[PDB]
file query-v3.txt (compact mmCIF, C-alpha atoms and all ligand atoms)
# COMPACT_ATOMS: atom_id res chain seq x y z
CA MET A 1 127.97 146.13 106.85
CA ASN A 2 126.62 149.10 104.99
CA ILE A 3 127.60 151.41 102.09
CA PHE A 4 129.72 153.67 104.26
CA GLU A 5 131.67 150.84 105.74
CA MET A 6 131.90 149.24 102.31
CA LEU A 7 133.38 152.28 100.59
CA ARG A 8 135.70 153.11 103.47
CA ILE A 9 137.28 149.68 102.97
CA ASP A 10 137.57 150.17 99.21
CA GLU A 11 138.87 153.70 99.27
CA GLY A 12 140.85 153.87 102.49
CA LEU A 13 141.35 157.13 104.38
CA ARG A 14 144.09 159.67 103.65
CA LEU A 15 144.40 163.04 105.28
CA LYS A 16 146.94 164.54 102.94
CA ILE A 17 146.51 165.19 99.23
CA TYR A 18 147.46 162.05 97.33
CA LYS A 19 147.37 160.65 93.83
CA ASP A 20 144.76 158.06 93.12
CA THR A 21 145.10 154.79 91.13
CA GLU A 22 144.86 156.93 87.94
CA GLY A 23 147.25 159.64 89.08
CA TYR A 24 144.62 162.18 90.14
CA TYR A 25 144.71 164.41 93.13
CA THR A 26 142.48 163.03 95.82
CA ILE A 27 142.05 163.31 99.51
CA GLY A 28 140.10 161.75 102.41
CA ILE A 29 137.97 158.77 101.48
CA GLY A 30 138.26 158.70 97.76
CA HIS A 31 137.24 162.32 97.23
CA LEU A 32 138.55 163.29 93.80
CA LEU A 33 139.86 166.77 93.86
CA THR A 34 140.79 167.40 90.20
CA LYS A 35 141.87 165.70 87.04
CA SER A 36 144.44 168.38 86.34
CA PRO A 37 148.15 167.84 86.63
CA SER A 38 148.67 170.76 89.02
CA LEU A 39 148.99 170.45 92.76
CA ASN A 40 148.15 174.03 93.17
CA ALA A 41 144.96 173.51 91.30
CA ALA A 42 144.34 170.65 93.69
CA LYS A 43 145.05 172.77 96.74
CA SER A 44 142.58 175.38 95.47
CA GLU A 45 139.80 172.89 94.91
CA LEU A 46 140.49 171.47 98.37
CA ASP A 47 140.24 174.86 100.13
CA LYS A 48 137.10 175.64 98.19
CA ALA A 49 135.59 172.22 99.25
CA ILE A 50 136.56 172.59 102.94
CA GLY A 51 135.91 176.25 103.31
CA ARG A 52 139.30 177.11 104.77
CA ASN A 53 142.97 177.33 103.97
CA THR A 54 144.01 173.77 104.42
CA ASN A 55 147.45 173.73 103.04
CA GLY A 56 146.64 170.28 101.54
CA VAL A 57 145.80 168.79 104.91
CA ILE A 58 142.42 168.00 106.48
CA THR A 59 141.20 166.40 109.64
CA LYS A 60 139.27 163.20 110.09
CA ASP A 61 136.03 165.03 110.72
CA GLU A 62 136.50 167.03 107.53
CA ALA A 63 137.25 163.80 105.57
CA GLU A 64 134.05 162.34 106.86
CA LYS A 65 132.04 165.38 105.92
CA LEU A 66 133.33 165.06 102.32
CA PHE A 67 132.46 161.41 102.38
CA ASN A 68 128.88 162.01 103.58
CA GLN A 69 128.39 164.50 100.83
CA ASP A 70 129.80 162.15 98.19
CA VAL A 71 127.65 159.19 99.18
CA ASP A 72 124.59 161.36 99.22
CA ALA A 73 125.47 162.69 95.77
CA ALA A 74 126.01 159.21 94.32
CA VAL A 75 122.63 158.06 95.56
CA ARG A 76 120.92 161.20 94.29
CA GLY A 77 122.70 160.85 90.94
CA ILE A 78 121.39 157.33 90.53
CA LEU A 79 117.88 158.34 91.29
CA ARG A 80 117.91 161.19 88.87
CA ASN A 81 119.33 159.07 86.13
CA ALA A 82 116.93 157.58 83.59
CA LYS A 83 119.06 154.52 82.97
CA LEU A 84 120.14 153.96 86.53
CA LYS A 85 117.03 154.59 88.54
CA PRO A 86 115.03 151.60 87.34
CA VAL A 87 117.95 149.19 87.86
CA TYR A 88 118.36 150.49 91.33
CA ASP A 89 114.71 150.15 92.16
CA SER A 90 114.75 146.61 90.98
CA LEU A 91 117.53 145.50 93.34
CA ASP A 92 117.76 144.23 96.95
CA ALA A 93 119.55 146.29 99.58
CA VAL A 94 122.95 144.65 99.29
CA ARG A 95 123.04 144.88 95.53
CA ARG A 96 121.99 148.54 95.73
CA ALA A 97 125.12 149.21 97.75
CA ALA A 98 127.25 147.56 95.02
CA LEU A 99 125.74 149.87 92.40
CA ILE A 100 126.28 152.89 94.63
CA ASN A 101 129.91 151.80 95.02
CA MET A 102 130.43 151.65 91.31
CA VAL A 103 128.77 155.06 90.90
CA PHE A 104 130.91 156.56 93.57
CA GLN A 105 134.06 155.30 91.88
CA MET A 106 133.31 155.94 88.25
CA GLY A 107 130.50 158.49 88.25
CA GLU A 108 126.94 158.22 87.02
CA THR A 109 127.87 158.54 83.35
CA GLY A 110 130.39 155.76 83.33
CA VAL A 111 128.02 153.27 84.91
CA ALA A 112 125.06 154.48 82.96
CA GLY A 113 127.16 153.40 80.03
CA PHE A 114 127.37 149.62 80.88
CA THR A 115 124.29 148.88 78.86
CA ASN A 116 124.58 145.20 78.76
CA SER A 117 125.37 144.83 82.41
CA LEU A 118 122.46 147.05 83.36
CA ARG A 119 120.18 144.77 81.48
CA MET A 120 121.58 141.73 83.17
CA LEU A 121 121.23 143.39 86.55
CA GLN A 122 117.63 144.08 85.90
CA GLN A 123 117.02 140.58 84.60
CA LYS A 124 118.70 139.20 87.74
CA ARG A 125 121.09 137.08 85.72
CA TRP A 126 123.74 137.05 88.45
CA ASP A 127 126.36 134.76 86.97
CA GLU A 128 126.34 136.29 83.48
CA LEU A 129 126.59 139.80 84.91
CA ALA A 130 129.72 138.75 86.81
CA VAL A 131 131.30 137.57 83.64
CA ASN A 132 130.29 140.65 81.74
CA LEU A 133 131.48 143.04 84.39
CA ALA A 134 134.99 141.48 84.34
CA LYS A 135 135.43 142.45 80.68
CA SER A 136 136.16 145.98 81.49
CA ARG A 137 138.93 148.44 81.91
CA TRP A 138 137.57 148.86 85.41
CA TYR A 139 138.22 145.25 86.32
CA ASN A 140 141.66 145.26 84.62
CA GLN A 141 142.81 148.37 86.42
CA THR A 142 141.51 147.69 89.95
CA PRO A 143 140.92 143.95 89.99
CA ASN A 144 140.73 143.31 93.77
CA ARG A 145 138.15 145.99 94.22
CA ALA A 146 136.19 145.04 91.13
CA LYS A 147 136.19 141.45 92.33
CA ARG A 148 134.67 142.50 95.66
CA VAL A 149 131.96 144.49 93.97
CA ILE A 150 131.29 141.71 91.44
CA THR A 151 130.96 139.07 94.16
CA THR A 152 128.59 141.37 95.89
CA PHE A 153 126.36 141.49 92.85
CA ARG A 154 126.75 137.79 92.19
CA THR A 155 125.85 136.61 95.68
CA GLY A 156 123.83 139.39 97.07
CA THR A 157 125.78 139.01 100.34
CA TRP A 158 128.59 140.97 102.13
CA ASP A 159 130.90 138.00 102.10
CA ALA A 160 133.73 139.69 100.08
CA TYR A 161 133.88 142.36 102.71
CA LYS A 162 133.78 140.19 105.81
CL CL A 201 133.08 169.35 97.22
CL CL A 202 142.33 146.87 93.40

call {"tool": "encode", "arguments": {"input": "query-v3.txt", "output": "structure tokens"}}
result
Amino acid sequence: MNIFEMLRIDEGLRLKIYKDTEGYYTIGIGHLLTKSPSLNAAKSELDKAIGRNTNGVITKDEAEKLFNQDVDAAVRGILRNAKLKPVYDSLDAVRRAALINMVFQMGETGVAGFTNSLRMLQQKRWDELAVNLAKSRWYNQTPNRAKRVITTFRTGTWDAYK
């Protein structure tokens, strides 16, 4: 298991523009296109991202390119972030993947905001962090996914994914 395989399970793969869990236009492997209510606006962002007239449809290869870019960006975002970087550096490889996952899903800012959990992560208080993370909109909206991520932090293993 690795971050790519982990996120592909969590996000799935869609080749046609679709609406995410929040109602936003997305495509491929969790690639958010836009928060705006317009499909056209979505189609424009998509063509701009792909570099061609897609007509709201991409290929597998293209979906994977988006995904590579997004993972890379999440990692880079963590490392450039004052609050995130140190947490990240303090963690083992499996737990780093869980943090990347969260960043990928809710962006650097959102995560950077879980002050208390960040402190617990750093202090390696596994069980308390798991409790704390569940008290969130995030857990309430996408519970199965959150549970997988939480177990990952709690145990430091890939069990929830195997
Ligand atoms: Cl893009
Ligand atoms: Cl879910």

call {"tool": "residues_around", "arguments": {"input": "query-v3.txt", "residues": "residue A:46", "least_positions_apart": "2", "cutoff": "12 Å", "atoms": "all atoms listed in the file", "output": "short mmCIF file (atom, residue, chain, number, x, y, z; two decimals) with C-alpha atoms, in the frame of the given file"}}
result
data_model
loop_
_atom_site.label_atom_id
_atom_site.label_comp_id
_atom_site.auth_asym_id
_atom_site.auth_seq_id
_atom_site.Cartn_x
_atom_site.Cartn_y
_atom_site.Cartn_z
CA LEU A 15 144.40 163.04 105.28
CA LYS A 16 146.94 164.54 102.94
CA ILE A 17 146.51 165.19 99.23
CA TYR A 18 147.46 162.05 97.33
CA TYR A 25 144.71 164.41 93.13
CA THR A 26 142.48 163.03 95.82
CA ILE A 27 142.05 163.31 99.51
CA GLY A 28 140.10 161.75 102.41
CA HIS A 31 137.24 162.32 97.23
CA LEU A 32 138.55 163.29 93.80
CA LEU A 33 139.86 166.77 93.86
CA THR A 34 140.79 167.40 90.20
CA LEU A 39 148.99 170.45 92.76
CA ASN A 40 148.15 174.03 93.17
CA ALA A 41 144.96 173.51 91.30
CA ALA A 42 144.34 170.65 93.69
CA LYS A 43 145.05 172.77 96.74
CA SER A 44 142.58 175.38 95.47
CA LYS A 48 137.10 175.64 98.19
CA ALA A 49 135.59 172.22 99.25
CA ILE A 50 136.56 172.59 102.94
CA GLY A 51 135.91 176.25 103.31
CA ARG A 52 139.30 177.11 104.77
CA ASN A 53 142.97 177.33 103.97
CA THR A 54 144.01 173.77 104.42
CA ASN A 55 147.45 173.73 103.04
CA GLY A 56 146.64 170.28 101.54
CA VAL A 57 145.80 168.79 104.91
CA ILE A 58 142.42 168.00 106.48
CA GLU A 62 136.50 167.03 107.53
CA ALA A 63 137.25 163.80 105.57
CA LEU A 66 133.33 165.06 102.32
#

call {"tool": "residues_around", "arguments": {"input": "query-v3.txt", "residues": "residue A:148", "least_positions_apart": "3", "cutoff": "10 Å", "atoms": "only C-alpha atoms", "output": "PyMOL selection string"}}
result
chain A and resi 6+10+98+143-145+151-154+158-161

call {"tool": "residues_around", "arguments": {"input": "query-v3.txt", "residues": "residue A:78", "least_positions_apart": "2", "cutoff": "12 Å", "atoms": "all atoms listed in the file", "output": "compact mmCIF listing (two decimals) with C-alpha atoms, in the frame of the given file"}}
result
# COMPACT_ATOMS: atom_id res chain seq x y z
CA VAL A 71 127.65 159.19 99.18
CA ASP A 72 124.59 161.36 99.22
CA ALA A 73 125.47 162.69 95.77
CA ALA A 74 126.01 159.21 94.32
CA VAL A 75 122.63 158.06 95.56
CA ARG A 76 120.92 161.20 94.29
CA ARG A 80 117.91 161.19 88.87
CA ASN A 81 119.33 159.07 86.13
CA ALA A 82 116.93 157.58 83.59
CA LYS A 83 119.06 154.52 82.97
CA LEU A 84 120.14 153.96 86.53
CA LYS A 85 117.03 154.59 88.54
CA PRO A 86 115.03 151.60 87.34
CA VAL A 87 117.95 149.19 87.86
CA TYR A 88 118.36 150.49 91.33
CA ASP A 89 114.71 150.15 92.16
CA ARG A 96 121.99 148.54 95.73
CA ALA A 97 125.12 149.21 97.75
CA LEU A 99 125.74 149.87 92.40
CA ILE A 100 126.28 152.89 94.63
CA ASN A 101 129.91 151.80 95.02
CA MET A 102 130.43 151.65 91.31
CA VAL A 103 128.77 155.06 90.90
CA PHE A 104 130.91 156.56 93.57
CA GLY A 107 130.50 158.49 88.25
CA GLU A 108 126.94 158.22 87.02
CA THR A 109 127.87 158.54 83.35
CA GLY A 110 130.39 155.76 83.33
CA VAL A 111 128.02 153.27 84.91
CA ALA A 112 125.06 154.48 82.96

call {"tool": "residues_near_ligand", "arguments": {"input": "query-v3.txt", "ligand": "ligand CL 202 (chain A)", "cutoff": "12 Å", "atoms": "all atoms listed in the file", "output": "PyMOL selection string"}}
result
chain A and resi 9-12+20-22+105+138-149

call {"tool": "residues_near_point", "arguments": {"input": "query-v3.txt", "point": "(124.3, 145.6, 101.3)", "cutoff": "7 Å", "atoms": "all atoms listed in the file", "output": "PyMOL selection string"}}
result
chain A and resi 1-3+93-97+157-158

call {"tool": "atom_distance", "arguments": {"input": "query-v3.txt", "atom1": "atom CA of residue A:64", "atom2": "atom CA of residue A:30"}}
result
10.7 Å

call {"tool": "closest_residue", "arguments": {"input": "query-v3.txt", "among": "A:24, A:69, A:4, A:38", "to": "ligand CL 201 (chain A)", "atoms": "only C-alpha atoms and all ligand atoms"}}
result
A:69

call {"tool": "closest_residue", "arguments": {"input": "query-v3.txt", "among": "A:121, A:114, A:8, A:59", "to": "residue A:156", "atoms": "only C-alpha atoms"}}
result
A:121

call {"tool": "closest_residue", "arguments": {"input": "query-v3.txt", "among": "A:128, A:5, A:61, A:45", "to": "ligand CL 201 (chain A)", "atoms": "all atoms listed in the file"}}
result
A:45

call {"tool": "atom_distance", "arguments": {"input": "query-v3.txt", "atom1": "atom CA of residue A:135", "atom2": "atom CA of residue A:162"}}
result
25.3 Å

call {"tool": "atom_distance", "arguments": {"input": "query-v3.txt", "atom1": "atom CA of residue A:118", "atom2": "atom CA of residue A:68"}}
result
26.0 Å

call {"tool": "closest_residue", "arguments": {"input": "query-v3.txt", "among": "A:117, A:79, A:67, A:7", "to": "ligand CL 201 (chain A)", "atoms": "only C-alpha atoms and all ligand atoms"}}
result
A:67

call {"tool": "closest_residue", "arguments": {"input": "query-v3.txt", "among": "A:14, A:65, A:119, A:35", "to": "ligand CL 201 (chain A)", "atoms": "all atoms listed in the file"}}
result
A:65

call {"tool": "residues_around", "arguments": {"input": "query-v3.txt", "residues": "residue A:120", "least_positions_apart": "3", "cutoff": "12 Å", "atoms": "only C-alpha atoms", "output": "ChimeraX atom specification"}}
result
/A:87,90-91,114-117,123-133,153-154

call {"tool": "axis_aligned_box", "arguments": {"input": "query-v3.txt", "around": "stretch 88-97 of chain A", "padding_each_side": "6 Å", "output": "lines of an AutoDock Vina configuration file"}}
result
center_x = 119.9
center_y = 147.4
center_z = 95.3
size_x = 22.4
size_y = 18.3
size_z = 20.6

call {"tool": "decode", "arguments": {"input": "query-v3.txt", "residues": "stretch 50-73 of chain A", "atoms": "N, CA, C and O atoms", "output": "PDB file, in the first residue's frame"}}
result
ATOM      1  N   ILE A  50      -6.649  20.140 -18.749  1.00  0.00           N
ATOM      2  CA  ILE A  50      -6.231  19.071 -19.673  1.00  0.00           C
ATOM      3  C   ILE A  50      -5.451  19.562 -20.871  1.00  0.00           C
ATOM      4  O   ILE A  50      -4.580  18.886 -21.420  1.00  0.00           O
ATOM      5  N   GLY A  51      -5.761  20.776 -21.272  1.00  0.00           N
ATOM      6  CA  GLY A  51      -5.074  21.343 -22.400  1.00  0.00           C
ATOM      7  C   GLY A  51      -5.707  20.940 -23.729  1.00  0.00           C
ATOM      8  O   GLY A  51      -5.052  20.930 -24.763  1.00  0.00           O
ATOM      9  N   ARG A  52      -6.990  20.629 -23.706  1.00  0.00           N
ATOM     10  CA  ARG A  52      -7.697  20.295 -24.927  1.00  0.00           C
ATOM     11  C   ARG A  52      -9.165  20.431 -24.684  1.00  0.00           C
ATOM     12  O   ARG A  52      -9.575  20.607 -23.537  1.00  0.00           O
ATOM     13  N   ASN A  53      -9.924  20.367 -25.771  1.00  0.00           N
ATOM     14  CA  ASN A  53     -11.374  20.433 -25.697  1.00  0.00           C
ATOM     15  C   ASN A  53     -11.882  19.062 -25.329  1.00  0.00           C
ATOM     16  O   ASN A  53     -11.899  18.165 -26.158  1.00  0.00           O
ATOM     17  N   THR A  54     -12.247  18.874 -24.080  1.00  0.00           N
ATOM     18  CA  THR A  54     -12.631  17.554 -23.660  1.00  0.00           C
ATOM     19  C   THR A  54     -14.097  17.242 -23.745  1.00  0.00           C
ATOM     20  O   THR A  54     -14.483  16.089 -23.713  1.00  0.00           O
ATOM     21  N   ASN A  55     -14.916  18.256 -23.786  1.00  0.00           N
ATOM     22  CA  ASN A  55     -16.313  17.971 -23.816  1.00  0.00           C
ATOM     23  C   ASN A  55     -16.756  17.217 -22.545  1.00  0.00           C
ATOM     24  O   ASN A  55     -17.702  16.420 -22.571  1.00  0.00           O
ATOM     25  N   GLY A  56     -16.074  17.483 -21.422  1.00  0.00           N
ATOM     26  CA  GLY A  56     -16.427  16.897 -20.126  1.00  0.00           C
ATOM     27  C   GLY A  56     -16.043  15.433 -19.966  1.00  0.00           C
ATOM     28  O   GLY A  56     -16.435  14.787 -19.008  1.00  0.00           O
ATOM     29  N   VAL A  57     -15.212  14.957 -20.881  1.00  0.00           N
ATOM     30  CA  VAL A  57     -14.744  13.591 -20.819  1.00  0.00           C
ATOM     31  C   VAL A  57     -13.236  13.478 -20.975  1.00  0.00           C
ATOM     32  O   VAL A  57     -12.665  14.075 -21.871  1.00  0.00           O
ATOM     33  N   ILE A  58     -12.590  12.686 -20.118  1.00  0.00           N
ATOM     34  CA  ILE A  58     -11.151  12.474 -20.186  1.00  0.00           C
ATOM     35  C   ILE A  58     -10.832  10.992 -20.255  1.00  0.00           C
ATOM     36  O   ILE A  58     -11.687  10.156 -20.022  1.00  0.00           O
ATOM     37  N   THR A  59      -9.588  10.679 -20.525  1.00  0.00           N
ATOM     38  CA  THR A  59      -9.185   9.312 -20.563  1.00  0.00           C
ATOM     39  C   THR A  59      -8.517   8.965 -19.262  1.00  0.00           C
ATOM     40  O   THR A  59      -8.223   9.839 -18.453  1.00  0.00           O
ATOM     41  N   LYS A  60      -8.245   7.678 -19.097  1.00  0.00           N
ATOM     42  CA  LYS A  60      -7.596   7.165 -17.906  1.00  0.00           C
ATOM     43  C   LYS A  60      -6.242   7.806 -17.618  1.00  0.00           C
ATOM     44  O   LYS A  60      -5.935   8.221 -16.496  1.00  0.00           O
ATOM     45  N   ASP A  61      -5.455   7.877 -18.669  1.00  0.00           N
ATOM     46  CA  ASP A  61      -4.136   8.456 -18.670  1.00  0.00           C
ATOM     47  C   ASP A  61      -4.194   9.909 -18.204  1.00  0.00           C
ATOM     48  O   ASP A  61      -3.390  10.353 -17.382  1.00  0.00           O
ATOM     49  N   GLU A  62      -5.182  10.648 -18.729  1.00  0.00           N
ATOM     50  CA  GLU A  62      -5.366  12.033 -18.346  1.00  0.00           C
ATOM     51  C   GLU A  62      -5.768  12.107 -16.857  1.00  0.00           C
ATOM     52  O   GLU A  62      -5.272  12.952 -16.123  1.00  0.00           O
ATOM     53  N   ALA A  63      -6.649  11.194 -16.399  1.00  0.00           N
ATOM     54  CA  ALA A  63      -7.075  11.183 -15.002  1.00  0.00           C
ATOM     55  C   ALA A  63      -5.898  10.966 -14.064  1.00  0.00           C
ATOM     56  O   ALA A  63      -5.778  11.553 -12.994  1.00  0.00           O
ATOM     57  N   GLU A  64      -5.007  10.113 -14.508  1.00  0.00           N
ATOM     58  CA  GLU A  64      -3.819   9.796 -13.758  1.00  0.00           C
ATOM     59  C   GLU A  64      -2.832  10.937 -13.740  1.00  0.00           C
ATOM     60  O   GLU A  64      -2.174  11.180 -12.726  1.00  0.00           O
ATOM     61  N   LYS A  65      -2.765  11.691 -14.842  1.00  0.00           N
ATOM     62  CA  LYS A  65      -1.880  12.836 -14.826  1.00  0.00           C
ATOM     63  C   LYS A  65      -2.370  13.844 -13.783  1.00  0.00           C
ATOM     64  O   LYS A  65      -1.584  14.346 -12.990  1.00  0.00           O
ATOM     65  N   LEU A  66      -3.693  14.109 -13.756  1.00  0.00           N
ATOM     66  CA  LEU A  66      -4.273  15.033 -12.783  1.00  0.00           C
ATOM     67  C   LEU A  66      -3.941  14.568 -11.394  1.00  0.00           C
ATOM     68  O   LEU A  66      -3.538  15.342 -10.551  1.00  0.00           O
ATOM     69  N   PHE A  67      -4.089  13.287 -11.183  1.00  0.00           N
ATOM     70  CA  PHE A  67      -3.861  12.706  -9.877  1.00  0.00           C
ATOM     71  C   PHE A  67      -2.410  12.891  -9.418  1.00  0.00           C
ATOM     72  O   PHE A  67      -2.138  13.351  -8.291  1.00  0.00           O
ATOM     73  N   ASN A  68      -1.460  12.621 -10.310  1.00  0.00           N
ATOM     74  CA  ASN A  68      -0.047  12.811  -9.981  1.00  0.00           C
ATOM     75  C   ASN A  68       0.219  14.249  -9.567  1.00  0.00           C
ATOM     76  O   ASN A  68       0.911  14.551  -8.594  1.00  0.00           O
ATOM     77  N   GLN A  69      -0.355  15.162 -10.318  1.00  0.00           N
ATOM     78  CA  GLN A  69      -0.174  16.552  -9.997  1.00  0.00           C
ATOM     79  C   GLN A  69      -0.740  16.891  -8.641  1.00  0.00           C
ATOM     80  O   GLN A  69      -0.139  17.650  -7.906  1.00  0.00           O
ATOM     81  N   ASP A  70      -1.936  16.369  -8.339  1.00  0.00           N
ATOM     82  CA  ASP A  70      -2.619  16.681  -7.086  1.00  0.00           C
ATOM     83  C   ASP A  70      -1.906  16.121  -5.862  1.00  0.00           C
ATOM     84  O   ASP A  70      -1.899  16.758  -4.813  1.00  0.00           O
ATOM     85  N   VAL A  71      -1.346  14.929  -5.987  1.00  0.00           N
ATOM     86  CA  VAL A  71      -0.619  14.339  -4.866  1.00  0.00           C
ATOM     87  C   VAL A  71       0.625  15.176  -4.600  1.00  0.00           C
ATOM     88  O   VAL A  71       0.926  15.584  -3.475  1.00  0.00           O
ATOM     89  N   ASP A  72       1.337  15.465  -5.682  1.00  0.00           N
ATOM     90  CA  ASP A  72       2.522  16.259  -5.577  1.00  0.00           C
ATOM     91  C   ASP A  72       2.232  17.598  -4.905  1.00  0.00           C
ATOM     92  O   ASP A  72       2.948  18.066  -4.031  1.00  0.00           O
ATOM     93  N   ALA A  73       1.137  18.221  -5.287  1.00  0.00           N
ATOM     94  CA  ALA A  73       0.745  19.507  -4.720  1.00  0.00           C
ATOM     95  C   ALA A  73       0.399  19.424  -3.243  1.00  0.00           C
ATOM     96  O   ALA A  73       0.732  20.310  -2.468  1.00  0.00           O
TER      97      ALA A  73
END
